[PDB]
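K.L.:
Following PDB author numbering, the numbering of the sequence shown begins with 31 at its first residue and continues without gaps. For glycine and all other residues, C-beta sits at the position ideal for the given N, C-alpha and C.
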Amino acid sequence: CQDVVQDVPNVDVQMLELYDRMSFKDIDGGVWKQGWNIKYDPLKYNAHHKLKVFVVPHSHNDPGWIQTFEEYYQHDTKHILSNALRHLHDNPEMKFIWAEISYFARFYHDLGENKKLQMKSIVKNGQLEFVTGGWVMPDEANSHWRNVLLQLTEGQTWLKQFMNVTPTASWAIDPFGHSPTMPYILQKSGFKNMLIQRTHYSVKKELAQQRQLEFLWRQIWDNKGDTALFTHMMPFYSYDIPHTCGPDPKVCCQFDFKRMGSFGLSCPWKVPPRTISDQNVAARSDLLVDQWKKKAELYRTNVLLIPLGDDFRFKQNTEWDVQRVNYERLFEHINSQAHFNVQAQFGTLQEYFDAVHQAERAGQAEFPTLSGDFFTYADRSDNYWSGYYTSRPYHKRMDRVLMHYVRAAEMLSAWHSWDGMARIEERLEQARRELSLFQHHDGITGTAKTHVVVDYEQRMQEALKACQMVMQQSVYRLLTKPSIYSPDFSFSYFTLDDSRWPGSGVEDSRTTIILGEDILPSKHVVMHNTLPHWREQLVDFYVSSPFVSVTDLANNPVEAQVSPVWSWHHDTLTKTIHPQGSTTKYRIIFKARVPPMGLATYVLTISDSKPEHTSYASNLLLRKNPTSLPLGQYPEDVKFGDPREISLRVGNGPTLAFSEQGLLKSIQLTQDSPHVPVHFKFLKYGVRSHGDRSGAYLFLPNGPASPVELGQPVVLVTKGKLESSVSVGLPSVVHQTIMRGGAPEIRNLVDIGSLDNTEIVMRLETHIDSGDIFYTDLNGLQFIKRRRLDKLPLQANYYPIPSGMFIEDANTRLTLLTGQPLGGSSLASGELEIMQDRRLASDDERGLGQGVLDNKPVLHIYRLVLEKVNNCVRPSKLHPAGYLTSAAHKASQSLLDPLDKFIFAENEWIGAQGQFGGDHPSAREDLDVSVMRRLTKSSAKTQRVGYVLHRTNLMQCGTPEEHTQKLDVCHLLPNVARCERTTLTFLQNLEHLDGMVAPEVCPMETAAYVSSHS
Ligand SMILES: *[C@@H]1O[C@H](CO)[C@@H](O)[C@H](O)[C@H]1NC(C)=O
Ligand SMILES: OC[C@H]1NC[C@@H](O)[C@@H](O)[C@@H]1O
Ligand SMILES: [Zn+2]
């Protein structure tokens, strides 16, 4: 295994290093506004060395943006694909590339058999070529790597089954900035090449000058380079035709033949395209070839890529004709005129890359190595696209919830083969597809129109319900005596209980377990642990009585704590935000211990009086002018008092101190250690009254944030043996700090209401001497070192915080883990900040045509980990990566993949069992079974189950960490006939494993295995 910590990779281009040196000056470079006047030696190409030009027709189809997926399909995409089939069929030399499989599958299944065959033929013959082949062209900032893989697999599995092809070249022309997580996944999925486009204009200029636009992109910790994937970065401002033929859009626009009038399109540079004729072809060719040769100066081979497309292009038959015929005339002339020394033709993306590597092998070009990422993107001036790191946070959080439900549903149902009547495969396909669709760069990014966001939400809601159905049917089968098991595949044996989604104050959705002497004495509940190691976690349920005791199936008492059910309300009368307690519902809390990838059953029983093993939390409401707060049967009376500073400690965990405003002030790790200053503060960013305005994409603050006026907020303190908390009703946010014995959990119920042109940020202020360094993660896969650059505007220093961020000095580190992707930064030494929500009244000129005014209450969750790191073996000062500690990693897992909770629906569960998976191996803490998916239906003689195994890298800080079993996923199911290592999509077998044993992976490595069972 490679050492991902102590060996700084030697690369030609390291993006953090490049950023430190670049000046980012935005000067007018001429026709190529953000570049320079490209010059070339006409004698460079000749009869013995010609410029090979591949014109690649394409159509950018967004699976939802200003219209929903279905609306676009009906109005544009079905016509684009129908006419592509006809035109390619009739013109053998014409080519076309396609990226979004969600649309292609929608189209294909509606085609008659005759057309399906014609379509398969033009794909088999190479005219229509799929690029990437994912369900969508995913966002690369907010997306979790697990979902990027999910959607890639969904699209490629469909392609293999129906088109019999697996793309090895990726095409990503629209994500707003790019992540190295893509080449990581692609390279492990059979890919050999990838193309990107949206990178900072300053980066394009810098790399272009050094002809480093094509490079071998390796991971920041990869010293050997085995993760490298050849990457092509487009050099210009856009992927449209005016910005893909050469440096001068005024000239290039003249070669987009759809801009003549009848199509309602024109050239903003004032010179329209002119139909090619024998009379003007020589002059037109001279202009075009000149542009091509200028573009070619920016690359190292004699093979040039010229994309030919734009948004939803190649729709009308007349459009196919005008583009094809005119280019055909140009090709005939150019290729016949030796003085040009050019051979141009329509081509596909794979053809371009194949030619490039042929030139490379011929020894005519050597490519530079590169590591790093391409955030934060700016397409012009100071317009940095960091706003979408937060836009529509409700759905960003929903993405993470569904991410987990899909994993849990696929894993729980994978243990058995199911009869087709159970509709398991059907429900799982639906769930995978709706979540995959949301990975689109206008989905999770929060950059779609209001009604489109609603469509995505509805789709994800249906997906969650599908997951619940599969999960509950699976639990019933896994924990019921076989000879008693009598399933009704439409019946709900269990109801899922989720305490953090939609969340308290967002939607009263969870059911109350109703117990009573005259109705029902007890209730069975079951917890699922999707992680491959034994896990304990506090779980809570709503019960109709405070007198409830918990037992495991062996009838062993389990210590429990009961707390009131508190709800916060904006009292329109008193004009205050205060909590009201329920007098009919209560929360029971207890520690559940669940087997690796297993289940554990518990029983809740009611009693007439306080049970021996259940304690009750005390409650203190701090504020002036208090009023009584009755809690029905709840044992202890609520206490009141004027606002004051308070300190709390649960178990042997840390001691937290809070200000009289209910905000964290300090953390004391041990009774001996000191009170480390850690202050939570909420501030607000505004919008400029002059110039460019912030919108769904852009973050253009009118200066540093201003503190939110808190006034004298109401603070609620709940103190319990198992769980304590401090909650405060601040303007726009009910802020809560929960303590359970370890790193606290933070929950923010964010309701920005009608606060227009406001972005709410949560900041942490500490004494950590971090300077200008901080770390943020990329797709929940790796942590990358960031350097605050004062030479760049505030918004440029904002980065995606898909799952976590941290700052540190020689001795101390503060890590903030998130349960949802949001934007954040460290604008000053010792600080960390993350945006909660943003409400913008205006559009930011990127085509959306609206601001962001559809905000809705969202419950953001986090874990705050303060640690001493002076003993940890960390990367050198020059290493571009950072790594989490065991505690921080486990805290992240507690947010993203918590235990699942099931409540038995009926009064009695006959044949109930107390546990499942007790014999499952408990793998080392840094290893995870990211995916467990049965790949075959019940009729298959040989069953196949696929697993995606990921091993992260945790810092060694002197903790023994021992006793763990080897995890061999290939033997998790009995009767294993073979074990094979496969690409991450499970589509290609890479190795036949002897002994049918799937070996564990190395740190920061991800592998896939498929076990076959007879
Ligand atoms: C799929 O393509 C391969 C070539 O890569 C070919 O050998 C095989 O017969 C094809 N399968 C079908 C009929 O779809
Ligand atoms: O300008 C941004 C916007 N342009 C049109 C579409 O491609 C959409 O996805 C994108 O966000
Ligand atoms: Zn797009």
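Given 7 Å as the limit, tell me if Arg248 has its C-beta closer than that to any heavy atom belonging to ligand 2.
P.N.:
Numbered from its first residue, the sequence shown carries residue 248 at position 218. Not so, every heavy atom of ligand 2 lies at least 7 Å from the Cβ.
K.L.:
Considering Cα atoms alone, identify which of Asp120, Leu189, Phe285, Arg176 is closest to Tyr133.
P.N.:
Numbered from its first residue, the sequence shown carries residue 133 at position 103. Of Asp120, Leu189, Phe285, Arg176, the residue nearest in Cα terms is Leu189.
K.L.:
Output the boundary residues of the beta strand (DSSP E) element that contains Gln973.
P.N.:
Walking along the sequence shown from the start, residue 973 turns up at place 943. Note, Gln973: beta strand (DSSP E), 973-981.
K.L.:
Tell me the residue span of the beta strand (DSSP E) that contains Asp958.
P.N.:
Within the sequence shown, numbered from 1, the residue matching residue 958 stands at position 928. From DSSP, the beta strand (DSSP E) with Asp958 extends over 957-964.
K.L.:
May I ask you to verify whether the stretch 213-226 touches the stretch 249-264, counting CB pairs closer than 8 Å and requiring at least 3?
P.N.:
Enough Cβ pairs lie closer than 8 Å, so yes.
K.L.:
Pick out every residue whose C-beta is nearer than 5 Å to a heavy atom of ligand 3: which are they, in chain order?
P.N.:
Here the residues come out as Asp92, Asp204.
K.L.:
Quick one: any contact between the stretch 1000-1016 and the stretch 920-927, if contact means 3 or more CB pairs under 8 Å?
P.N.:
No, the stretch 1000-1016 does not touch the stretch 920-927.
K.L.:
Along the chain, which unbroken stretches of the alpha helix (DSSP H) at least 4 residues long are found entirely within the stretch 661-720?
P.N.:
Whole alpha helix (DSSP H) segments, 4+ residues: zero.
K.L.:
Check this for me: beta carbons of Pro512 and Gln503, under 8 Å apart or not?
P.N.:
Taking the first residue of the sequence shown as position 1, residue 512 is located at position 482. Taking the first residue of the sequence shown as position 1, residue 503 is located at position 473. No, these two residues do not count as a Cβ contact at 8 Å.
K.L.:
Checking 8 Å against the spacing of the C-beta atoms, do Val333 and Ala374 come in under that value?
P.N.:
In the sequence shown, counting from the first residue as 1, residue 333 sits at position 303. In the sequence shown, counting from the first residue as 1, residue 374 sits at position 344. No; because the gap between Cβ atoms is not below 8 Å, this pair is not in contact.
K.L.:
How far does the beta strand (DSSP E) with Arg869 in it extend, from its first residue to its last?
P.N.:
On the sequence shown, position 839 is the one that residue 869 refers to. Start and end: 861-869.
K.L.:
When the distance is taken between beta carbons, is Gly725 closer than 8 Å to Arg876?
P.N.:
Counted from its first residue, the sequence shown places residue 876 at position 846. Counted from its first residue, the sequence shown places residue 725 at position 695. Yes, these two residues count as a Cβ contact at 8 Å.
K.L.:
Rounding to the nearest angstrom, what Cα-Cα distance links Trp128 and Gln148 in this structure?
P.N.:
Within the sequence shown, numbered from 1, the residue matching residue 128 stands at position 98. Within the sequence shown, numbered from 1, the residue matching residue 148 stands at position 118. Whole-angstrom Cα-Cα distance: 16 Å.
K.L.:
Mind listing, in chain order, the continuous beta strand (DSSP E) runs of no fewer than 3 residues lying wholly within the stretch 584-644?
P.N.:
Segments of the beta strand (DSSP E) lying fully in the stretch 584-644: 590-601, 606-624, 628-636.
K.L.:
Tell me which residue opens and which closes the beta strand (DSSP E) that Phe519 is part of.
P.N.:
For the purposes of this step, residue 519 is taken as residue 489 along the sequence shown, with counting starting at 1. Element bounds for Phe519: n/a, residue is neither H nor E.
K.L.:
Let me know if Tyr632 comes out buried or exposed under the rule of 16 or more other beta-carbons within 10 Å of its beta-carbon.
P.N.:
Within the sequence shown, the letter at position 602 stands for residue 632. Buried, since its Cβ has 16 or more Cβ neighbours within 10 Å.
K.L.:
Taking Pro734 as the reference, give the member of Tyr49, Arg718, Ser762 with the closest Cα.
P.N.:
Along the sequence shown, read from residue 1 onward, the residue named residue 734 stands at position 704. Out of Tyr49, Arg718, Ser762, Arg718 has the C-alpha closest to the C-alpha of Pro734.
K.L.:
In three-state DSSP terms, what is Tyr913?
P.N.:
For the purposes of this step, residue 913 is taken as the residue at position 883 of the sequence shown. Three-state result, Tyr913: coil.
K.L.:
Are the CB atoms of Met557 and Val680 nearer to each other than 8 Å?
P.N.:
For the purposes of this step, residue 557 is taken as residue 527 along the sequence shown, with counting starting at 1. For the purposes of this step, residue 680 is taken as residue 650 along the sequence shown, with counting starting at 1. The answer is no: Cβ separation not under 8 Å.
K.L.:
Can you give me the Cβ contacts of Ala389 inside the same chain, cut-off strictly under 7 Å, excluding the 5 residues immediately before and after it?
P.N.:
The count along the sequence shown starts at 1 and reaches residue 389 at position 359. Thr331, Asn332, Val333, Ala395.
K.L.:
Over the uninterrupted beta strand (DSSP E) stretch that includes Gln373, give me the two end residues.
P.N.:
Position 343 of the sequence shown, counted from the first residue, corresponds to residue 373. It spans 372-376 - the beta strand (DSSP E) in which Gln373 sits, taken as one unbroken run.
K.L.:
From what residue to what residue does the beta strand (DSSP E) around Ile549 run?
P.N.:
If you number the sequence shown from 1, residue 549 lands on position 519. Looking at the DSSP string, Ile549 is not in any beta strand (DSSP E), and its letter there is neither H nor E.
K.L.:
Report buried or exposed for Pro587, applying the criterion of at least 16 other Cβ atoms within 10 angstroms of its Cβ.
P.N.:
As a working note, residue 587 is residue 557 in the sequence shown. Exposed.
K.L.:
From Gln973 to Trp445, what does the alpha carbon distance come to, in whole angstroms?
P.N.:
To locate residue 973, count along the sequence shown from 1; it is residue 943. To locate residue 445, count along the sequence shown from 1; it is residue 415. Going from the Cα of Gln973 to the Cα of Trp445 covers about 11 Å.
K.L.:
Taking all protein chains shown into account, do 16 or more other C-beta atoms lie within 10 angstroms of the C-beta of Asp702, making it buried, or fewer, making it exposed?
P.N.:
Position 672 of the sequence shown holds residue 702. When all chains shown are included, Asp702 counts as exposed.
K.L.:
State buried or exposed for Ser200, treating a residue as buried only when at least 16 other CB atoms are found within 10 Å of its CB.
P.N.:
As a working note, residue 200 is residue 170 in the sequence shown. Buried is the call here.
K.L.:
Rounded to the nearest angstrom, how far is the Cβ of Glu789 from that of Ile891, given a contact under 8 Å?
P.N.:
Locating residue 789 in the sequence shown gives position 759, where the first residue counts as 1. Locating residue 891 in the sequence shown gives position 861, where the first residue counts as 1. The pair is not a contact, with the Cβ atoms about 20 Å apart (cut-off 8 Å).
K.L.:
Suppose you measure from the CA of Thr581 to the CA of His643; what does that come to, to the nearest Å?
P.N.:
Sequence index remark: in the sequence shown, residue 581 carries index 551 (1-based). Sequence index remark: in the sequence shown, residue 643 carries index 613 (1-based). Those two C-alpha atoms are separated by around 10 Å.
K.L.:
Heavy atom of ligand 1 less than 7 Å from the Cβ of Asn194, yes or no?
P.N.:
In the sequence shown, the residue the question calls residue 194 occupies position 164. It does: the Cβ of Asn194 is within 7 Å (strictly closer) of some heavy atom of ligand 1.
K.L.:
Kindly list the residues whose CB is nearer than 6 Å to the CB of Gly771, restricted to its own chain and excluding five residues on each side of it in sequence; keep chain order.
P.N.:
For the purposes of this step, residue 771 is identified with residue 741 of the sequence shown, where counting begins at 1. Counting only Cβ-Cβ distances below 6 Å, and skipping sequence neighbours, we find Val680, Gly681, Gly683.
K.L.:
For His78, does the count of other Cβ atoms within 10 angstroms reach 16, so buried, or fall short, so exposed?
P.N.:
Against the sequence shown, residue 78 aligns to sequence position 48. By the neighbour-count rule (16 or more Cβ atoms within 10 Å), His78 is not buried but exposed.
K.L.:
Taking 7 Å as the cut-off, does the CB of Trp128 come closer than this to any heavy atom belonging to ligand 2?
P.N.:
As a position in the sequence shown, residue 128 is number 98, starting the count at 1. No.
K.L.:
Suppose contacts are defined by Cβ-Cβ distances below 8 Å. Is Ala171 in contact with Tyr486 by that definition?
P.N.:
Locating residue 171 in the sequence shown gives position 141, where the first residue counts as 1. Locating residue 486 in the sequence shown gives position 456, where the first residue counts as 1. For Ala171 and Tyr486, no; Cβs fall outside 8 Å.
K.L.:
Rounded to a whole number of angstroms, what is the C-alpha to C-alpha distance between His705 and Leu568?
P.N.:
Here residue 705 refers to the residue found at position 675 of the sequence shown. Here residue 568 refers to the residue found at position 538 of the sequence shown. If I take the Cα positions, the gap works out to 26 Å.
K.L.:
Considering only residues of the same chain and omitting the five flanking positions on each side of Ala942, which have a CB-CB separation below 7 Å?
P.N.:
Counting from one through the sequence shown, the residue named residue 942 turns up at place 912. Closer than 7 Å at the Cβ level, and outside the excluded window around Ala942, lie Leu509, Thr510, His554, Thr631.
K.L.:
If you drop the 5 nearest sequence neighbours on each side, which residues of the same chain put their C-beta closer than 7 Å to that of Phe468?
P.N.:
The sequence position of residue 468 within the sequence shown is 438, counting from 1. Excluding sequence neighbours, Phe468 sits near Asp429, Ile474, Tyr486, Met490.
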